């Protein structure tokens, strides 16, 4: 069984996207420092606790796919400083994304979410991402460059026993799905702050939590070309929060215009030839 390639965020930076493009998965060791992990966890903790089941009856966009033992919290910018400052500005994240998406243009956050799995959470079925949100992706030519990638960052230990993610290496290029089986998977064993990076075509699943004891938590960052609509909205984020971010983080959250890679690109989310941020006179890097 070939295992998932493991790479250093600092020392092997230029190899990360090529490794994923080839094998469909890679593990980025120390993607986030333990201190960032700590702060993020502390900041999102109470929002995770009050989050109801994915399909809650009070929701008008219930998630019917995720297990009732899963809690998912997105739109993290208003609730986490570590997320909106450190994570959205990660140099490692942006080098990988610009490596990946140069053919298309700008990229942004399709979804940044904290997912927590209760003890005895069952394994997910093997799947590709984006199929419950972007049916357009299924109509792309089989060899089109990936239009989104997913960083699954461990916020607690990933072990075989506690349900570490399964991936099928090379499955991002599969056209024929008859060999799909758990027998074809390897695991993503990870320390907190390590990240599993996959594309939108990589076949993977969350694993079964078999201890009955441990609570596994992750930060999933789906980065995608700016030509695709995010799964989440930042439209309700307070203006003072948005104006405390970097221009780059503002763009990632849909608070800036966007560009394609067409040589004579006419742009996305523009206003009569001017950007959102020029039109609104949007401040940046202003501490609250």
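Residue numbers count along the first chain shown, from 1.
Asker: Output the stretch having the higher mean C-alpha B factor in the entry; the candidates are 26 to 34 and 248 to 256.
Answerer: The entry gives the higher C-alpha B-factor average to 26 to 34.
Asker: Which has higher Cα B-factors on average according to the PDB entry: 104 to 112 or 155 to 163?
Answerer: Result of the comparison: 155 to 163.
Asker: Out of 211, 199, 98, 89, which shows the largest CA B-factor listed in the entry?
Answerer: Out of 211, 199, 98, 89, the record gives the largest C-alpha B-factor to 211.
Asker: Among 179, 74, 124, 80, single out the one with the highest C-alpha B factor in the record, please.
Answerer: Comparing C-alpha B-factors across 179, 74, 124, 80, the top value belongs to 179.
Asker: Tell me, lowest, middle or highest third: where does the Cα B factor of residue 70 rank within its chain?
Answerer: Residue 70: CA B-factor falls in the middle third of its chain.
Asker: Would you please rank residue 171 by its C-alpha temperature factor against the other modelled residues of its chain and give the third it falls in: lowest, middle or highest?
Answerer: Middle third by C-alpha B-factor.
Asker: Once the chain's modelled residues are ordered by C-alpha B factor and cut into thirds, is residue 270 in the lowest, middle or highest one?
Answerer: Its C-alpha B-factor belongs to the lowest third of this chain's values.
Asker: Grab the CA temperature factor for residue 190 from the record and place it in the lowest, middle or highest third of its chain.
Answerer: Tercile = highest for this residue's CA B-factor.
Asker: So where's residue 144 on the chain's Cα temperature factor ranking, which third?
Answerer: Middle third by C-alpha B-factor.
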